[PDB]
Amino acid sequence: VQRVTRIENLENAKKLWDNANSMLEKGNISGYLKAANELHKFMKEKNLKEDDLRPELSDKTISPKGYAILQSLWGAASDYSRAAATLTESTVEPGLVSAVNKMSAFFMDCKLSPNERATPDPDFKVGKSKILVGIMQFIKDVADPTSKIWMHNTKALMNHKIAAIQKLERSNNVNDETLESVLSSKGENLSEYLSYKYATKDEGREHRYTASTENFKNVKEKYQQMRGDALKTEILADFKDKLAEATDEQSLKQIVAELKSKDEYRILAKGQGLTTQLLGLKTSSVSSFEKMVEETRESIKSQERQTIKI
């Protein structure tokens, strides 16, 4: 490796480090992690270590605010990677969160020598629930859109947990216990996950008009042999995953219109009992869908308030 190549690689690494620090300074957790991930990868690709870059950062500073955020992130990620390692699933979610600790540590060690101590602003109070949401946003950003944590789409499960944390915030009910329950969850309680009391994979309730695909010409093949509450469950699970693709209000509107145009939606809206059909009642599953739509809308609004701040 020529000197000119090393110089060019270190100058690009410095720029990557600076991008991460810039995000950190703005309190943009997901942006910081995206930047930190790229710094780390690039350095590894160029066989450059923390000791190689550190001399180049002598004109740079991690602020006291920055160190406070790094400390909170470390603790939050450590806790989350432990909480997310469960009998249901212990590979994907902990692996993702553990990578956050590794890349963030690397960013810091590029600046700080092994024996020098971080200097956090002792009065800068970092919100653990904000940090956790930031980690989840990062996971959403890095995940393949078809990847799963246990039986659930990773991006949908992240939206689920982000929304759950946001609800705790709005209810001022954020503490270790309530956060632990969200972090350790894999959506095992399917009725909670889908906001549908009757969520099931088995025969579910007996009905006069058990749901089926038989009166519907354009339903996807995967549903054709499903019936009843199990059929509605599967449709709701797939609709949930589709909703989690929304990025802003306009994309949500579009996705919702597309879903409602489907025979799958008509199945949800068709009553399985005489009273629902006779009196023209909204079904439980339509209400579940609307609840997920509204939660997605509010979560979008909430995170877009946050983009303005970061």
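Start at 1 and count along the sequence shown; that's the residue number.
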{"query": "Higher-scoring stretch by recorded Cα B factor average, 244-252 or 31-39", "finding": "244-252"}
{"query": "269-277 or 42-50, whichever carries the higher mean Cα B-factor", "finding": "42-50"}
{"query": "Per the PDB entry, maximal CA B factor within 170, 232, 197, 152", "finding": "170"}
{"query": "Candidate residues 146, 215, 137, 78, the one whose C-alpha B factor the record puts highest", "finding": "215"}
{"query": "Third of chain Cα B-factors occupied by residue 63", "finding": "middle"}
{"query": "CA B-factor placement of residue 161, once the chain's modelled residues are sorted into thirds", "finding": "lowest"}
{"query": "For residue 119, the third of its chain into which the C-alpha B factor falls", "finding": "highest"}
{"query": "Assigned third (lowest, middle, highest) for the C-alpha B factor of residue 220", "finding": "highest"}
{"query": "Residue 95 - which third its CA temperature factor falls in, relative to the rest of the chain", "finding": "lowest"}
